[PDB]
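Take a look at the structure set out below.
Computed from the coordinates by the stated procedures, all read-outs in this text should not be read as laboratory data. Because the Cβ atoms are built from the backbone with ideal geometry, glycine has one as well, and the counts that use them run over all protein chains shown.
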Amino acid sequence: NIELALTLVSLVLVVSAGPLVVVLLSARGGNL
Amino acid sequence: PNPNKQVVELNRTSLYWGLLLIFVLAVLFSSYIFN
Amino acid sequence: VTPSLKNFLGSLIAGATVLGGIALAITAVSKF
Amino acid sequence: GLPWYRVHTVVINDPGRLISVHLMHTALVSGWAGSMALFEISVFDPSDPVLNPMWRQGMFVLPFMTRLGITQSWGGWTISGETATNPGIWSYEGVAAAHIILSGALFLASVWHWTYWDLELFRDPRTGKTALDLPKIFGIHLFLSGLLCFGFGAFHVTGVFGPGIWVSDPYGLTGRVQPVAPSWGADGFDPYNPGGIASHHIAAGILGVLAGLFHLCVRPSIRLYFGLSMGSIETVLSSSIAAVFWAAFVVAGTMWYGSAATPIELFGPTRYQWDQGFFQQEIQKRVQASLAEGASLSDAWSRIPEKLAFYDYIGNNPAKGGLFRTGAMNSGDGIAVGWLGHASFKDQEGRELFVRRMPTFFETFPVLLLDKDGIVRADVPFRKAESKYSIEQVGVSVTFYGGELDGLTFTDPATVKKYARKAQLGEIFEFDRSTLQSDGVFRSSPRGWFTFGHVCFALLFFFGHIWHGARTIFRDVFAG
Amino acid sequence: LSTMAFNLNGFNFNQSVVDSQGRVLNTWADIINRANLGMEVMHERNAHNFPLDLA
Amino acid sequence: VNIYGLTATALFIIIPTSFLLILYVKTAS
Amino acid sequence: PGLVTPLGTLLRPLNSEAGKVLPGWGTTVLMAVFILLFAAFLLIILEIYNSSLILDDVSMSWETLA
Amino acid sequence: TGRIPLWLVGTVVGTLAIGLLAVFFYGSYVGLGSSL
Amino acid sequence: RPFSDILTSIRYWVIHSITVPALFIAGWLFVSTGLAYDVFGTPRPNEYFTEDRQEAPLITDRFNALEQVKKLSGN
Amino acid sequence: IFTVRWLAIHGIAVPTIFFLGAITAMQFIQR
Amino acid sequence: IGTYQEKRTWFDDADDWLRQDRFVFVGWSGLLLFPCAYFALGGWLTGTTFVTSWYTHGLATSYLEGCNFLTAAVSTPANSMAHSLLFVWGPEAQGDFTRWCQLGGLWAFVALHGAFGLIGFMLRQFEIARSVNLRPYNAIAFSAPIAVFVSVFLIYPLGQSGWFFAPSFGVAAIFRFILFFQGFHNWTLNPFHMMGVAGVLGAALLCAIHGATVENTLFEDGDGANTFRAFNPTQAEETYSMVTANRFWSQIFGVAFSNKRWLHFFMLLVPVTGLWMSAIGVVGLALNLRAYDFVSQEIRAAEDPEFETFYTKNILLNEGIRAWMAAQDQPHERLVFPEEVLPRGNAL
Amino acid sequence: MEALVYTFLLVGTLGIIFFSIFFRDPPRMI
Amino acid sequence: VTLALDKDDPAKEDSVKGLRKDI
Amino acid sequence: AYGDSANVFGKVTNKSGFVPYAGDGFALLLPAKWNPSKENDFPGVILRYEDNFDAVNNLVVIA
Ligand code: CLA
Ligand code: CLA
Ligand code: CLA
Ligand SMILES: C=Cc1c(C)c2cc3nc(c4c5[nH]c(cc6nc(cc1[nH]2)C(C)=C6CC)c(C)c5C(=O)[C@@H]4C(=O)OC)[C@@H](CCC(=O)OC/C=C(\C)CCC[C@H](C)CCC[C@H](C)CCCC(C)C)[C@@H]3C
Ligand SMILES: CC(C)=CCC/C(C)=C/CC/C(C)=C/CC/C(C)=C/CC/C(C)=C/CC/C(C)=C/CC/C(C)=C/CC/C(C)=C/CC/C(C)=C/CC1=CC(=O)C(C)=C(C)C1=O
Ligand SMILES: CC1=C(/C=C/C(C)=C/C=C/C(C)=C/C=C/C=C(C)/C=C/C=C(C)/C=C/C2=C(C)CCCC2(C)C)C(C)(C)CCC1
Ligand SMILES: CC1=C(/C=C/C(C)=C/C=C/C(C)=C/C=C/C=C(C)/C=C/C=C(C)/C=C/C2=C(C)CCCC2(C)C)C(C)(C)CCC1
Ligand code: OEX
Ligand SMILES: [Cl-]
Ligand SMILES: [Cl-]
């Protein structure tokens, strides 16, 4: 299940990347 | 002399609707009526 | 009294209590 | 210019012509009552009261007339099948003629009330404008209604003065119109307890009279009067429609589920009877008894009354019919001539095989012969390339006990399969499908037709209650 | 309808519920399948010379 | 299917039709 | 108005009073009691016919005719 | 209100809802009702 | 307060930061404990067919159902 | 704190949250 | 008060409170609509979540059993119960919730509470409309849905053996109910259903055509691409051109509505009429009075073997549906059909 | 002659549609 | 021979006699 | 009401696809999906099982 576990880890990091960019940009008054 | 006396009113569209309905209903039940 | 009749009479009392509770509820809310 | 669907609204505020228009409807209804009855009497065959009952002849109003007592006819014949020694003025034809004459009288009365609509009675004394005291009108009508209800139950039904009501044995093998005695007990509420009718009508009648006095004496509450628009004729119309549609459902259910008020020998057997093998269990029961007594199979089956066997037939089942399958039950299966007798299907092993009867829900059911255990031992296979229960390989022979084929044994595969197909439809009776040129399809009994028509009217009248009731509640908005 | 024209039939949950030992617990879907079988064995009574109706 | 069947269809396609025509003619008049 | 017929005069008083109402709910409370009682009665007869309210006396069967 | 971007709240809650539906489809091919 | 205002009140979130989790956990425990099978008499994946009956149960007695269904369920 | 609006909100939400937890556990039961 | 001034009563108090501006209109009808609807829908959820028909239909119908949203369903009680109302205190469950659920009591609970809920909902429509002082056309229109429910979930089941032959509350359950009617009642051939289908298809056409026409004949009351922005909730002038619409349909279809009132009245009449027609047809099926087949063609096909029509072909299909589902669909019948007796076509 | 009856009904319905489109009341109203 | 039930049931499995006392 | 915990994150009971059956002097592994049958096609039938759907797929043990 190590493969499945690290698979979910990858899914979390990748899925969180898009919101991460928005949150950061919004926080620093970026052009969003 | 009844003041309640009134008159029925049938317009062209109303006449068409009625005739269309009576014909469509016949076309639908005619088959069953002749079984 | 047939067991059915006994249960039926009991259900009637339950229905009255359920209805009575609704009346008490609306009475209280209307009062306040 | 009133729209076509608002032409009869002209008399809404004309009490004088409202009676007239109502008199017309009453006349039409009275005329149809006697007219339909006269037609049925002209097309009714009283020769065979066993294999050709009224319900088989498709009679509808005749059952109702017989239910309240009418049994003889000026034709010198009784619904019982015996000669009408003295049919009297109340012969089927007499009662019909009476309704027709009543219709005519009502028509003339309607004409007068229409012409002389302006009667001071309708006008209110305080203002002079036409006004009806709906509160009191209901009370007086209710009081009169109660009188008739009590009188019918305490006289016509009881028999003290009225002729009586039709009462029959549980298997409708023997029944007629005999005075009944009010049960006045818990059993009185049993739908199959005839006595209940007299007790209920007497009880409901006396109460109605008392209730009528109350509405006549006590005036309506101010809050209730306005809240229920007790000053609007449409108000009573909406509430009255609610009452008629409610009764229609009750009347229909009474006919479909069956009751002491719906004799099976006057309206035909109920579908549930077949579903539960009511008549079938009786036939087998008495047969077993005769066998227990020591009589031969032929003797026992010979004892079975053809009328009882006739009841045990999928054809007489009311549910076994079609919406457009118009006509009397006799048409579509032929006029029952006689009973071929009980068919006994036995395999070569000697094991008795029972043909599974066709469930009502099934228009076509596969022929299957099962042992007492309930294991299929023979059947007519749709595929005969390699059958394992073929009537031939199982070697099934049908022997008829009692009836026309009494003592007749058949081993011909085709002959056995033919009787097997009939057996699945219940008792095997001979039918003459030539006189009426039957189509070979089953028809519904008057019982089923009555239930269908009244249920339909009831469902529609529900919309009528909502419509007229909505108009009364939103009269201000609907005003125009 | 167009997708089903390419043999993409609707959800098939026949014998989807199974007990511990493997016995199939029938469902409403299975009952619908029973009817579908009846219509299938009847349609084109003489227009099938092979079992599978791939056509 | 019998004379009655055709008679029923005939009346259903005649009685209502005529009634409607009369009303329209009256109103048109 | 007019057409004062003897029958009309005889039944005149019956419709003479109208719109007369009793102040307050009047007998509305008493009516409500009756409505509830009759509702219970209907439930009993329905349950008996539905065989839900099984009673030793009633047989609820065509055998009741026997 | 405040110190809470409602747009983020929706994005998070929405992500959780998608996850719950995913578990349902997972259960469709696993354990009971998996045809195996 | 508009739903949006409440859906922004961090206090509301704190108020439901424990109750909502507990409500879900309870639901999981309910089924995991097996209470659901007992509460609704829903047959467990290992008790659908008894040693006596290896076929689906058919209740035939309406007024004798209570005992019948219990026997069919193998108690 | 317990208005009709509040009662309605918790009349469905609270039951739903529990039901969702139960359904999730059901997704991990093995025959 | 009451065009006479009367003393206020507790009723007046309860009345004002129930009929009081509130997040949702409680009113007096709500006292029936809110409770019954909650129990009905709630029971359906509880049933589909953890309730089995293993003892009623011998089928797994619960998410706990492993069923999905489509398969899960609240099945009807066993045919043995017949038309028994099956109360929890009834002579069957005898006050046993577990057994009451195993006996299929929840189905009756949901149906009964749901039925009164619909009554309460229609009453709410009249109540709200009366307060708004508007004709209750919406309530009159809600009669069609109620009629369908009563005829399909009450009249039919009562006309048949028991509640067992009634629509079970489930997606797949409704599907098997639909297939059963075709195989046994030939519902499709029934003329009343035909009129009902016409109404539903006709109403859908009216809804789509009306929205398209209005949204395509809209006047330019704005200076932006988004036309939705160019509208005032309290505007008096019509947002679209009835004239332009009339000419378009007068030339494209040959006929076109000229009265907005008549158009909308027609939009509500078509659907309501159709539902009521189908309801009458279901009433006939309850008594098994169905237009199963035309005897004229049946006799011709029997005498003339070659003669064949799509009607005869459909009859054969119905024969298969009944024979290849009766064994399970109707377990009470306990029908064991040897495979040889079942009707099967060449090959297949 | 049932087919003749059916053909008459079908023809009659079409005829009504015809006049309903070409012999309809002039749409003076919008 | 066969009992009335041993006859009614095979003929009609839904017969009251066969559908009653089954417990 | 035996308090048997649900088999959450548990192990499958039987995936062999065959359920071991024992009869009178005869034993065999019946297919799991196959259900008991009540039709005595031939004389001396002791065990009779058939597939859940297609009845053509059936098994009979005659002694
Ligand atoms: C005794 C019961 C009763 C009475 C006295 C009335 C009386 C009235 N209704 Mg009405 N209605 C009823 C029952 C009743 N209704 C029921 C049960 C329903 C549900 C279907 C309706 C639904 C209904 C609607 C939708 C409307 C009315 C309307 C009206 C008013 C206009 C009548 C009219 O259009 O002229 C009649 C002119 C006609 C051309 C109609 C006759 C054509 C029929 C179909 C032919 C006769 C068939 C047959 C003989 C009918 C009797 C069957 C019976 C033997 C079972 C009127 C005062 C209209 C209104 O505006 O309300 C104020 C209105 O639009 N009713
Ligand atoms: C000792 C006196 C006495 C006795 C012995 C009886 C005896 C009897 N009464 Mg009774 N009664 C009495 C006094 C008495 N009553 C008094 C004083 C009153 C007040 C005046 C009544 C009022 C009364 C009524 C109103 C009824 C009876 C009925 C009955 C019979 C019961 C069978 C039955 O319920 O019908 C059949 C089953 C039912 C009626 C239950 C179904 C009821 C539903 C709710 C009707 C459907 C309405 C709804 C719109 C349908 C929707 C569609 C549907 C598909 C769901 C029975 C023989 C019934 C009857 O007349 O039999 C036909 C009945 O309806 N009585
Ligand atoms: C609820 C009232 C009712 C009920 C239950 C019955 C029941 C019955 N009647 Mg009857 N009848 C009634 C009222 C009623 N009738 C009335 C008011 C009249 C006076 C016109 C008649 C006149 C009458 C006659 C002359 C005869 C019967 C007969 C019969 C029996 C045969 C079955 C049948 O009618 O064919 C089946 C019923 C139908 C197929 C219904 C038709 C389908 C409907 C109408 C839909 C059609 C819609 C469509 C628009 C119609 C026009 C289509 C167009 C092509 C023509 C049956 C038990 C026959 C009988 O047994 O003789 C004693 C018989 O010959 N009745
Ligand atoms: C599948 C078709 C269909 C559905 C599901 C449906 C549903 C609805 N119609 C309503 C309204 C209407 N429908 C109307 C005309 C029509 N309705 C139609 C067809 C439908 N209408 C058609 C064809 C027409 C045109 C003639 C009108 C005119 C109205 C309304 O005024 C009303 C509305 O305002 O809609 C927004 C709503 C009233 C709800 C209610 O009573 O609140 C209270 C809820 C109650 C009483 C609970 C009911 C419980 C039911 C009856 C039994 C239990 C069901 C289970 C919980 C689930 C079973 C699931 C399986 C069946 C799969 C509701 C959303
Ligand atoms: C040889 C031959 C002839 C062979 C043919 C044989 C054959 C195929 C026979 C079949 C015959 C047949 C038709 C059978 C069907 C029978 C049947 C099912 C009958 C049902 C009858 C009935 C009363 C049913 C109940 C339900 C019901 C009332 C349904 C009504 C359906 C209906 C008419 C809906 C509308 C249909 C329709 C096309 C609408 C157009 C509307 C329109 C003109 C839009 C224009 C328009 C729209 C706007 O929005 C605006 C703004 C404006 C301005 C405007 O104008
Ligand atoms: C004048 C006069 C006279 C005579 C009278 C008469 C002759 C009466 C009768 C009348 C009549 C003769 C009546 C009846 C009519 C008819 C009716 C009333 C019926 C109708 C029908 C209906 C209404 C139905 C419908 C329908 C159809 C068909 C389809 C299905 C459904 C139904 C069924 C619904 C005299 C001598 C007395 C003297 C005095 C004067
Ligand atoms: C019966 C009865 C009762 C009642 C009960 C009730 C009322 C219950 C309720 C219950 C409930 C109240 C339940 C709930 C349910 C819900 C749920 C279970 C949910 C579901 C959902 C889902 C499954 C989802 C999916 C998806 C989508 C689609 C969307 C979003 C999200 C997601 C994505 C996930 C009483 C008491 C009277 C008593 C008697 C009996
Ligand atoms: O053609 Mn119409 O249909 Ca569709 O599947 Mn293959 O091919 Mn025939 O078969 Mn089944
Ligand atoms: Cl085909
Ligand atoms: Cl092929």
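Please pick out the residue among K:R300, K:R247 that is within 14 Å of chain L (Cβ to nearest Cβ), farther than 30 Å from D:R325 by Cβ and away from ligand 8 (no atom under 16 Å from the Cβ).
Values: K:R300 fails: farther than 30 Å from D:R325 by Cβ.
Selected residue: K:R247, the only one of K:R300, K:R247 that is within 14 Å of chain L (Cβ to nearest Cβ), farther than 30 Å from D:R325 by Cβ and away from ligand 8 (no atom under 16 Å from the Cβ).
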Does I:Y48 satisfy being aromatic (F, W, Y) and under 30 Å from K:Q94 (Cα atoms)? yes
Could you run through the stretch K:284-316 and say how many residues are part of a helix (DSSP H, G or I) and away from ligand 5 (no atom under 16 Å from the Cβ)? 17
Qualifying positions in the stretch N:8-26 - within 12 Å of the chain's Cα centre (by Cα) and without any contact (Cβ under 8 Å) to a residue 12 or more places away in the chain: N:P20, N:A22
Within the stretch D:73-94, restricting to residues that are among the hydrophobic types (A, V, I, L, M, F, W, C) and surrounded by fewer than 19 Cβ atoms within 10 Å (Cβ to Cβ), the one that is nearest to ligand 10 (Cβ to nearest atom) is D:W74
Of all residues in the stretch K:16-44 being crowded, with 18+ Cβ neighbours inside 10 Å and within 18 Å of K:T71 (Cα to Cα), which is farthest from ligand 5 (Cβ to nearest atom)? K:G43
Just to verify a result, which residue in the stretch B:1-33, among those that are at the interface with chain D (Cβ under 9 Å from one of its Cβ atoms) and of a type in the set (F, W, Y), is farthest from D:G1 (Cα to Cα)? B:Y32
Subset of the stretch N:30-60 that is more than 29 Å from D:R351 (Cα to Cα) and free of Cβ contacts under 8 Å to residues at least 12 places away in the same chain - its residue that is farthest from the other protein chains (Cβ to nearest Cβ): N:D54
Of the residues in the stretch E:8-55, how many are small (G, A, S), away from ligand 8 (no atom under 16 Å from the Cβ) and either part of a helix (DSSP H, G or I) or touching a helix residue (DSSP H, G or I) at 6+ places or on another chain (Cβ under 9 Å) (or both)? 2
Taking the stretch D:20-61 and keeping residues away from ligand 1 (no atom under 16 Å from the Cβ), part of a helix (DSSP H, G or I) and hydrophobic (A, V, I, L, M, F, W, C) leaves D:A37, D:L38, D:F39, D:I41
Meets criteria (more than 16 Å from ligand 4 (Cβ to nearest atom) and of a type in the set (G, A, S)) for K:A279: no
Subset tally (residues that are part of a strand (DSSP E or B) and under 25 Å from D:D373 (Cα atoms)) for the stretch N:22-63: 14
Tell me which of these D:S103 doesn't satisfy, since it passes every other one: (1) polar (S, T, N, Q); (2) in contact with a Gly (Cβ under 6 Å, 6 or more places away or on another chain); (3) surrounded by fewer than 18 Cβ atoms within 10 Å (Cβ to Cβ). (3)
Failed item, numbered, when D:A247 is tested on (1) within 30 Å of D:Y171 (Cα to Cα); (2) more than 16 Å from ligand 6 (Cβ to nearest atom); (3) buried (at least 18 other Cβ atoms within 10 Å of the Cβ): (3)
Can you name the condition, by its number, that K:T48 falls short on among (1) more than 14 Å from chain H (Cβ to nearest Cβ); (2) part of a helix (DSSP H, G or I)? (1)
Which pairs do you get when a residue that is more than 18 Å from E:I31 (Cβ to Cβ) and touching a residue at least 12 places away in the same chain (Cβ under 8 Å), found in the stretch K:147-172, comes within reach of a residue that is away from ligand 4 (no atom under 14 Å from the Cβ) and not in a helix (DSSP H, G or I), reach meaning Cβ atoms under 8 angstrom, with the pair 6+ apart or on two chains? K:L158/K:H83; K:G159/K:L287; K:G159/K:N288
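Any idea which residue in the stretch K:60-83 is farthest from the chain's Cα centre (by Cα), counting only those that are buried (at least 24 other Cβ atoms within 10 Å of the Cβ) and closer than 26 Å to M:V16 by Cβ? If you could, list the steps in order and put the result at the bottom.
Pass one, the stretch K:60-83, residues buried (at least 24 other Cβ atoms within 10 Å of the Cβ): K:60-67, K:71-81.
Narrowing further to those that are closer than 26 Å to M:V16 by Cβ: K:75-81.
Working: K:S75: 17, K:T76: 17, K:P77: 20, K:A78: 23, K:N79: 23, K:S80: 26, K:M81: 24 Å.
Only one residue fits best here, namely K:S80.
Are any of the residues in the stretch K:162-170 in a helix (DSSP H, G or I) and surrounded by fewer than 18 Cβ atoms within 10 Å (Cβ to Cβ)? Quick ask: steps written out before the conclusion?
We begin by selecting, within the stretch K:162-170, every residue in a helix (DSSP H, G or I); these are K:163-165.
Filter once more, so that each one left must be surrounded by fewer than 18 Cβ atoms within 10 Å (Cβ to Cβ): none.
The answer is no; no qualifying residue exists.
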Odd one out for D:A186 among (1) within 11 Å of chain G (Cβ to nearest Cβ); (2) closer than 30 Å to D:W55 by Cα; (3) hydrophobic (A, V, I, L, M, F, W, C); (4) free of Cβ contacts under 8 Å to residues at least 60 places away in the same chain: (2)
Condition first: farther than 27 Å from K:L287 by Cβ and within 14 Å of chain E (Cβ to nearest Cβ). Now tell me which residues in the stretch K:128-171 satisfy that. K:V171
Report yes if some residue within the stretch D:168-181 is away from ligand 7 (no atom under 16 Å from the Cβ), surrounded by 19 or more Cβ atoms within 10 Å (Cβ to Cβ) and within 29 Å of D:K129 (Cα to Cα); otherwise report no. no
So which pairs qualify, if the first residue must be in the stretch K:244-261 and under 11 Å from L:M29 (Cα atoms), the second must be β-branched (V, I, T), the Cβ gap must be under 8 Å, and the two must be at least 6 apart or on different chains? K:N246/L:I30; K:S258/L:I30
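Conditions tested, residue by residue: (1) among the basic types (K, R); (2) more than 25 Å from K:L158 (Cβ to Cβ); (3) assigned to a helix (DSSP H, G or I).
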site: D:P269; (1), (2), (3): no, no, no
site: D:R286; (1), (2), (3): yes, yes, yes
site: D:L291; (1), (2), (3): no, yes, yes
site: D:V337; (1), (2), (3): no, yes, no
Restricting to the stretch K:250-266, and then to whatever is at the interface with another protein chain (Cβ under 9 Å from one of its Cβ atoms) and not charged (D, E, K, R), can you tell me which residue is nearest to ligand 6 (Cβ to nearest atom)? K:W262
Exclusive hit being within 11 Å of chain E (Cβ to nearest Cβ) and of a type outside the set (A, V, I, L, M), set K:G320, K:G284: K:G320
Could you tell me which numbered condition D:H8 fails, if it satisfies all but one of (1) touching a residue at least 24 places away in the same chain (Cβ under 8 Å); (2) part of a helix (DSSP H, G or I)? (1)
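Do we find that K:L335 is over 30 Å from K:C207 (Cβ atoms), at the interface with another protein chain (Cβ under 7 Å from one of its Cβ atoms) and part of a loop (DSSP other than H, G, I, E, B) in this structure? Explain how you work it out, then say what you get.
Values: over 30 Å from K:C207 (Cβ atoms): yes; at the interface with another protein chain (Cβ under 7 Å from one of its Cβ atoms): no; part of a loop (DSSP other than H, G, I, E, B): yes.
So K:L335 does not fit the description; no.
Residues are listed down the side, and each one gets a yes or a no for (1) farther than 30 Å from K:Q102 by Cα; (2) acidic (D, E); (3) more than 24 Å from the chain's Cα centre (by Cα):
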{"site": "K:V24", "(1), (2), (3)": "yes, no, yes"}
{"site": "K:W28", "(1), (2), (3)": "yes, no, yes"}
{"site": "K:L33", "(1), (2), (3)": "no, no, no"}
{"site": "K:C36", "(1), (2), (3)": "no, no, no"}
{"site": "K:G42", "(1), (2), (3)": "no, no, no"}
{"site": "K:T46", "(1), (2), (3)": "no, no, no"}
{"site": "K:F50", "(1), (2), (3)": "no, no, yes"}
{"site": "K:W54", "(1), (2), (3)": "no, no, yes"}
Which residues, counting only those in the stretch L:16-30, are loosely packed, with under 12 Cβ neighbours inside 10 Å and either outside any loop (DSSP other than H, G, I, E, B) or within 9 Å of the chain's Cα centre (by Cα) (or both)? L:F18, L:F22
